[PDB]
Amino acid sequence: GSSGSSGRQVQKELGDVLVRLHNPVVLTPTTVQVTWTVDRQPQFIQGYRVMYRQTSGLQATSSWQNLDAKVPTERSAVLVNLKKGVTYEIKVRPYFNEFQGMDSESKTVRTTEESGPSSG
């Protein structure tokens, strides 16, 4: 007697999903580009939760952040409003409603101090 439910293979595929985090391409000291890829793209998934936070700065281990991509087709997120001259730990992990599949190998990004020649 299944009254009603959603996402059957969610608790089966979710975890399975193996997100491969390449590296947080640091473009600017105030913004970092995050890229990743998945072998088995989940159909139930609603998007991706990119958690980031400081590790060296003062805000370090102070309060974790979350950037809801809100797009199951966006395998890359951009974290803005970042401090310059400080490492930042970020990890990509899938999520449907509340739960979130296994997190990828947290990669630390070092935001240079001197801004380089950027265009855009």
# chains A, B, ... in the order shown; residues from 1 in each chain; ligands from 1
call {"tool": "closest_atom_pairs", "arguments": {"of": "segment 61-110 of chain A", "to": "segment 4-21 of chain A", "cutoff": "7 Å", "atoms": "only C-alpha atoms", "output": "JSON lines"}}
result
{"residue": "A:92", "atom": "CA", "partner": "A:21", "partner_atom": "CA", "distance": 6.8}
{"residue": "A:93", "atom": "CA", "partner": "A:19", "partner_atom": "CA", "distance": 6.8}
{"residue": "A:101", "atom": "CA", "partner": "A:15", "partner_atom": "CA", "distance": 4.7}
{"residue": "A:102", "atom": "CA", "partner": "A:15", "partner_atom": "CA", "distance": 5.5}
{"residue": "A:104", "atom": "CA", "partner": "A:19", "partner_atom": "CA", "distance": 5.6}
{"residue": "A:105", "atom": "CA", "partner": "A:21", "partner_atom": "CA", "distance": 6.4}
call {"tool": "residues_around", "arguments": {"residues": "segment 31-46 of chain A", "least_positions_apart": "2", "cutoff": "7 Å", "atoms": "only C-alpha atoms", "output": "PyMOL selection string"}}
result
chain A and resi 7+10+13+17-29+70-72+75-82+94-96
call {"tool": "atom_distance", "arguments": {"atom1": "atom CA of residue 83 of chain A", "atom2": "atom CA of residue 111 of chain A"}}
result
7.4 Å
call {"tool": "atom_distance", "arguments": {"atom1": "atom CA of residue 98 of chain A", "atom2": "atom CA of residue 30 of chain A"}}
result
29.2 Å
call {"tool": "select_by_dssp", "arguments": {"residues": "chain A", "states": "strand (DSSP E)", "output": "PyMOL selection string"}}
result
chain A and resi 19-21+31-38+47-54+65-68+76-80+86-95+107-111
call {"tool": "residues_around", "arguments": {"residues": "segment 112-116 of chain A", "least_positions_apart": "2", "cutoff": "6 Å", "atoms": "only C-alpha atoms", "output": "PDB file with N, CA, C and O atoms, in the first residue's frame"}}
result
ATOM      1  N   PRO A  29      41.296  36.898  -7.255  1.00  0.00           N
ATOM      2  CA  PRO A  29      41.386  36.873  -5.791  1.00  0.00           C
ATOM      3  C   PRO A  29      40.041  37.131  -5.122  1.00  0.00           C
ATOM      4  O   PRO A  29      39.922  37.073  -3.898  1.00  0.00           O
ATOM      5  N   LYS A  84      41.064  37.808  -0.647  1.00  0.00           N
ATOM      6  CA  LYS A  84      42.292  37.736  -1.429  1.00  0.00           C
ATOM      7  C   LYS A  84      43.480  37.371  -0.544  1.00  0.00           C
ATOM      8  O   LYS A  84      43.647  37.920   0.544  1.00  0.00           O
ATOM      9  N   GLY A  85      44.303  36.441  -1.019  1.00  0.00           N
ATOM     10  CA  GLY A  85      45.465  36.021  -0.258  1.00  0.00           C
ATOM     11  C   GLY A  85      45.105  35.097   0.888  1.00  0.00           C
ATOM     12  O   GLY A  85      45.454  35.358   2.040  1.00  0.00           O
ATOM     13  N   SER A 118      42.948  40.196 -16.020  1.00  0.00           N
ATOM     14  CA  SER A 118      41.669  39.542 -16.272  1.00  0.00           C
ATOM     15  C   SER A 118      40.818  40.366 -17.233  1.00  0.00           C
ATOM     16  O   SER A 118      40.906  41.594 -17.262  1.00  0.00           O
TER      17      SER A 118
END
call {"tool": "residues_around", "arguments": {"residues": "residue 68 of chain A", "least_positions_apart": "3", "cutoff": "8 Å", "atoms": "only C-alpha atoms", "output": "PyMOL selection string"}}
result
chain A and resi 47-50
call {"tool": "write_last_selection", "arguments": {"atoms": "C-alpha atoms", "output": "mmCIF file, in the first residue's frame"}}
result
data_model
loop_
_atom_site.group_PDB
_atom_site.id
_atom_site.type_symbol
_atom_site.label_atom_id
_atom_site.label_comp_id
_atom_site.auth_asym_id
_atom_site.auth_seq_id
_atom_site.Cartn_x
_atom_site.Cartn_y
_atom_site.Cartn_z
ATOM 1 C CA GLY A 47 21.127 20.361 -8.641
ATOM 2 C CA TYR A 48 24.450 20.637 -6.827
ATOM 3 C CA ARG A 49 25.593 22.057 -3.489
ATOM 4 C CA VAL A 50 29.032 23.677 -3.599
#
call {"tool": "atom_distance", "arguments": {"atom1": "atom CA of residue 103 of chain A", "atom2": "atom CA of residue 64 of chain A"}}
result
14.1 Å
call {"tool": "closest_residue", "arguments": {"among": "A:62, A:57, A:119, A:51", "to": "residue 107 of chain A", "atoms": "only C-alpha atoms"}}
result
A:51
call {"tool": "select_by_dssp", "arguments": {"residues": "segment 5-56 of chain A", "states": "alpha helix (DSSP H)", "output": "number ranges by chain"}}
result
A: 10-16
call {"tool": "write_last_selection", "arguments": {"atoms": "N, CA and C atoms", "output": "PDB file, in the first residue's frame"}}
result
ATOM      1  N   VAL A  10      16.820   6.932  -5.567  1.00  0.00           N
ATOM      2  CA  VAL A  10      17.532   8.103  -5.071  1.00  0.00           C
ATOM      3  C   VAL A  10      18.534   7.719  -3.988  1.00  0.00           C
ATOM      4  N   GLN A  11      18.093   6.892  -3.047  1.00  0.00           N
ATOM      5  CA  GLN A  11      18.952   6.448  -1.956  1.00  0.00           C
ATOM      6  C   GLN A  11      19.903   5.351  -2.423  1.00  0.00           C
ATOM      7  N   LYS A  12      19.810   4.999  -3.701  1.00  0.00           N
ATOM      8  CA  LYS A  12      20.661   3.963  -4.274  1.00  0.00           C
ATOM      9  C   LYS A  12      21.704   4.571  -5.207  1.00  0.00           C
ATOM     10  N   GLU A  13      21.270   5.512  -6.041  1.00  0.00           N
ATOM     11  CA  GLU A  13      22.167   6.170  -6.982  1.00  0.00           C
ATOM     12  C   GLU A  13      22.897   7.333  -6.315  1.00  0.00           C
ATOM     13  N   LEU A  14      22.151   8.145  -5.575  1.00  0.00           N
ATOM     14  CA  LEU A  14      22.726   9.294  -4.883  1.00  0.00           C
ATOM     15  C   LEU A  14      24.150   8.996  -4.424  1.00  0.00           C
ATOM     16  N   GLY A  15      24.273   8.158  -3.400  1.00  0.00           N
ATOM     17  CA  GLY A  15      25.583   7.805  -2.884  1.00  0.00           C
ATOM     18  C   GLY A  15      26.513   7.293  -3.965  1.00  0.00           C
ATOM     19  N   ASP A  16      26.011   6.386  -4.795  1.00  0.00           N
ATOM     20  CA  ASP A  16      26.805   5.816  -5.877  1.00  0.00           C
ATOM     21  C   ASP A  16      27.527   6.910  -6.657  1.00  0.00           C
TER      22      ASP A  16
END
